[PDB]
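This report concerns only the one structure given below.
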Amino acid sequence: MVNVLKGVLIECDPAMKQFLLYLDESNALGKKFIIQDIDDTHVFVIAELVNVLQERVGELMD
Amino acid sequence: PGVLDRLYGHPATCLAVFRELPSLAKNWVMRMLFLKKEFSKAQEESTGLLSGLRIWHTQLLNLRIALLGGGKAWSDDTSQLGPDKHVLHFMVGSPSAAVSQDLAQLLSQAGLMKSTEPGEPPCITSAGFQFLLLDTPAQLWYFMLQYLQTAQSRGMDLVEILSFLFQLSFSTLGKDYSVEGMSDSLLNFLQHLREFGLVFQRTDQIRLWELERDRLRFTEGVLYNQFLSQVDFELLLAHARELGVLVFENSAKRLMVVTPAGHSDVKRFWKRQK
Amino acid sequence: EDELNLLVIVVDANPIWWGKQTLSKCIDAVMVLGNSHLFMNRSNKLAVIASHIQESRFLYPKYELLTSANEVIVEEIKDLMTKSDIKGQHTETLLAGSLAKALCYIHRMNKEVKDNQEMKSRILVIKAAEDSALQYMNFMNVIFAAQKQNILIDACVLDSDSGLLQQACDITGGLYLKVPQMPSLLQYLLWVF
Numbered sequence: 001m002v003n004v005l006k007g008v009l010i011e012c013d014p015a016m017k018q019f020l021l022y023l024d025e026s027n028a029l030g031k032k033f034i035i036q037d038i039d040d041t042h043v044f045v046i047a048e049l050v051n052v053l054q055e056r057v058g059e060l061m062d
Numbered sequence: 028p029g030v031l032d033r034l035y036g037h038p039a040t041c042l043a044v045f046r047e048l049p050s051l052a053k054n055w056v057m058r059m060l061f062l076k077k078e079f080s081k082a083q084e085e086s087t088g089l090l091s092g093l094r095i096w097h098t099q100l101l117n118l119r120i121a122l123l124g125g126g127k128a129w130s131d132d133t134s135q136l137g138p139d140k141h159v160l161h162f163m164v165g166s167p168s169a170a171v172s173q174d175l176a177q178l179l180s181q182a183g184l185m186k187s188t189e190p191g192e193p194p195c196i197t198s199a200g201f202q203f204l205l206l207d208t209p210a211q212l213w214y215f216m217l218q219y220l221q222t223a224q225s226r227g228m229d230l231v232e233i234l235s236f237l238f239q240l241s242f243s244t245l246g247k248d249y250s251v252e253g254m255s256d257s258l259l260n261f262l263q264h265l266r267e268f269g270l271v272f273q274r388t389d390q391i392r393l394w395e396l397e398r399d400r401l402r403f404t405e406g407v408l409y410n411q412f413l414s415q416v417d418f419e420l421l422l423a424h425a426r427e428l429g430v431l432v433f434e435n436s437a438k439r440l441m442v443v444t445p446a447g448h449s450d451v452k453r454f455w456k457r458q459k
Numbered sequence: 005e006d007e008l009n010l011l012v013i014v015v016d017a018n019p020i021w022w023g024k025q033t034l035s036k037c038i039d040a041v042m043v044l045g046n047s048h049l050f051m052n053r054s055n056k057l058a059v060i061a062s063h064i065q066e067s068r069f070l071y072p100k101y102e103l104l105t106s107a108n109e110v111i112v113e114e115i116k117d118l119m120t121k122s123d124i125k126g127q128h129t130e131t132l133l134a135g136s137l138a139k140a141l142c143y144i145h146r147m148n149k150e151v152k153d154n155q156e157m158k159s160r161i162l163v164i165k166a167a168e169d170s171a172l173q174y175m176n177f178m179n180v181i182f183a184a185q186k187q188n189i190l191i192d193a194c195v196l197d198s199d200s201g202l203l204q205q206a207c208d209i210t211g212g213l214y215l216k217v218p219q220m221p222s223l224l225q226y227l228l229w230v231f
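Residue numbers (PDB author numbering), protein chains in the order written: chain 1, 1 to 62; chain 2, 28 to 62, 76 to 101, 117 to 141, 159 to 274, 388 to 459; chain 3, 5 to 25, 33 to 72, 100 to 231.
As structure tokens, this is what we get:
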């Protein structure tokens, strides 16, 4: 089962903010690169480099 | 009078018994201090002997004058003993003892100037690795050594003392780290150095804990694992992450799991052997 | 330092010291204490008296004098050691006599000082011995004189039971301490009073 590995960052956000990131992912310019996938409602596989952006954008956004 | 040797003897016995491993000696040594002491002490085991050595000079503070001179006489013996002996605990003991002899003003500046012990304090002072505890006794020794010289007219030691200058790099480090304790020790060295030789030398805050919390926000740096060949290899590789305590998440119906970066390598090794 | 201060130390010589086992150390400690006391202020003076079994005697009479004080004390005590009044041959000591001597000295020093300003004095007793009924009138006479004089009599009982001394401190408004651990003598002298 050690078939495949992928370095990624695991984000453990709340059931409120997660969809916000998704929204960040789409309807965005130079984006949609951001989320690898939604593993759980709470957790997402995302970014790497994008994490700095996702966090900052969330901050700036309401 | 006969009682005197007996009573104090019992505490000599107690210190002797739990002499080796820890730091039992300090309290008992003090009691022992009051009641050729140095010559006789020398035979006894080093640790504890040094402890007694340390506190006795401190304890001195007419007949007292006689005592100091007597101590001065065998300052060399302790000094010979100090070197040669030279853990952090031991190291603390050797400088603490040296420091104590220094305040007494019994030690000969010459002799001290050319001795390994002075090199050793700045050596530990230089190295980043030494702990805060070693640092404070090392620092104190230096301060006391300089304190001892109330002249510098005739004090070769106030040359080697200059070895403080070497410390600045160490202070730069220490500063880089948030080690306030170390820095304070440095300042004491500087201030003391200047002192000896000065003549010769020319609500509202509620938003501030919230602004601190704005600098912390979570995610983890991570490996994901997928496309696992059969369930036994998820469960082995998963249980071997869970005992390593670096599972961030798991879902057995996905055959998918997550490890933070610090145990990527123990997983990469277990994936290769079994 | 403005006020001249005389501290008289009465040392109980009794052979009870034998029980102590040691006199030599006791003297060394007392000397250290005196040196500190004299060093604290220019105006401090010290007088030392020995209350022996047979009689009271003056060991010594400023800090500059300390070297003199040390020699005078060592020599004086050695003379005292004599066999008579040996061990508990005589349980008591002549404290009344010692106190009388102390008050006389304090008075004389005071008169000279009277020419000048006021003097403050206190008496310290290092007590090894036991009190006796015969002693009551004489001791109390001296004690009461001190109280009237407003001279505190402090007492450090290394051992034995001198009730009169305990009473003496109470009347005098002085301090009385029965020392547990006699080897801690130096600490008591410095700390206690």
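Just so it is clear, CB atoms sit at the ideal spot from N, CA and C, and this is done for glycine as well.
Per the DSSP secondary-structure output, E85 (chain 2) pairs with nothing in a beta bridge. The alpha-carbon separation between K216 (chain 3) and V159 (chain 2) amounts to approximately 43 Å.
Contact of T33 (chain 3) with chain 2 by beta-carbon distance below 8 Å involves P28, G29, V30 and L31.
The C-beta distance from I38 (chain 3) to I115 (chain 3) rounds to 6 Å, short enough to meet the 8 Å contact threshold.
Straight through space, the alpha carbons of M157 (chain 3) and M178 (chain 3) are spaced by roughly 24 Å. Residue pairing from DSSP places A58 (chain 3) in a beta bridge opposite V12 (chain 3). In the three-state reduction of the DSSP assignment, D123 (chain 3) falls in the coil class, being assigned neither a helical nor a strand state. Note on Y409 (chain 2): 16 or more other CB atoms within 10 angstroms of its CB, so buried under the neighbour-count rule. The stretch 128-136 of chain 2 makes no contact with the stretch 193-200 of chain 2, as fewer than three CB pairs between them are under 8 Å.
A107 (chain 3) has a beta carbon lying within less than 8 Å of a beta carbon in chain 2. Taking 7 Å as the upper bound on Cβ-Cβ separation, chain 1 lies near residues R402, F403 and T404 of the stretch 393-404 of chain 2.
Taking every protein chain shown into account, the CB of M175 (chain 3) has fewer than 16 other CB atoms within 10 angstroms, so this residue is exposed. Taking each of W455 (chain 2), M254 (chain 2), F215 (chain 2) and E405 (chain 2) in turn and checking the Cα distance to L204 (chain 2), the smallest one comes out for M254 (chain 2). Counting along the chain, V41 (chain 3) sits inside the alpha helix (DSSP H) bounded by residues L34 to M51.
Buried is the label assigned to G212 (chain 3), since at least 16 other Cβ atoms lie within 10 Å of its Cβ. Residues of chain 3 with a Cβ closer than 8 Å to the Cβ of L237 (chain 2) do not exist, since the nearest Cβ in that chain sits about 38 Å away.
Between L62 (chain 2) and chain 3, the shortest Cβ-Cβ separation is below 8 Å. Taking C-beta separations shorter than 7 Å and ignoring five residues to either side along the sequence, the partners of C41 (chain 2) in its chain run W55, following chain order. Interface annotation for the stretch 33-57 of chain 2 against chain 1: empty, criterion Cβ-Cβ distance under 8 Å. With 16 or more neighbouring CB atoms inside 10 Å of its own CB, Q18 (chain 1) falls in the buried class.
DSSP places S134 (chain 2) within a helical segment (H, G or I) once states are collapsed to three. DSSP places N54 (chain 2) inside the alpha helix (DSSP H), whose first and last residues are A52 to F61. In the three-state reduction of the DSSP assignment, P193 (chain 2) falls in the helix class, which pools H, G and I.
Counting every other CB atom within 10 Å of its CB across the protein chains shown gives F44 (chain 1) a total of 16 or more, marking it as buried. Rounded to whole angstroms, the gap between the alpha carbons of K452 (chain 2) and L9 (chain 1) is 17 Å.
Distance between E84 (chain 2) and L93 (chain 2), taken at the CA atoms: about 12 Å. Per the Cβ contact rule, the stretch 153-171 of chain 3 is in contact with the stretch 195-210 of chain 3 (3 or more Cβ pairs under 8 Å). Nearest neighbour of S26 (chain 1) by Cα position, chosen from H42 (chain 1), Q54 (chain 1), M1 (chain 1) and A15 (chain 1), turns out to be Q54 (chain 1). Taking the C-beta atoms as reference points, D169 (chain 3) is found no nearer than 8 Å to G126 (chain 3). Chain-order list of chain 2 residues neighbouring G7 (chain 1): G406, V407, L408, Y409, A446 and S449, by C-beta distance under 9 Å. For a cut-off of 8 Å, the C-beta gap from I181 (chain 3) to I191 (chain 3) is around 7 Å, short enough to register as a contact. Note on geometry: alpha-carbon atoms of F79 (chain 2) and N117 (chain 2) lie some 22 Å from one another. Spanning the alpha carbons of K459 (chain 2) and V2 (chain 1) requires a straight line of approximately 11 Å. With a threshold of 8 Å between beta carbons, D40 (chain 1) makes contact with chain 2.
With distances taken between CA atoms, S86 (chain 2) lies nearest to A43 (chain 2) out of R58 (chain 2), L240 (chain 2), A43 (chain 2) and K76 (chain 2). Interface criterion met: the Cβ of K456 (chain 2) is under 8 Å from a Cβ in chain 1.
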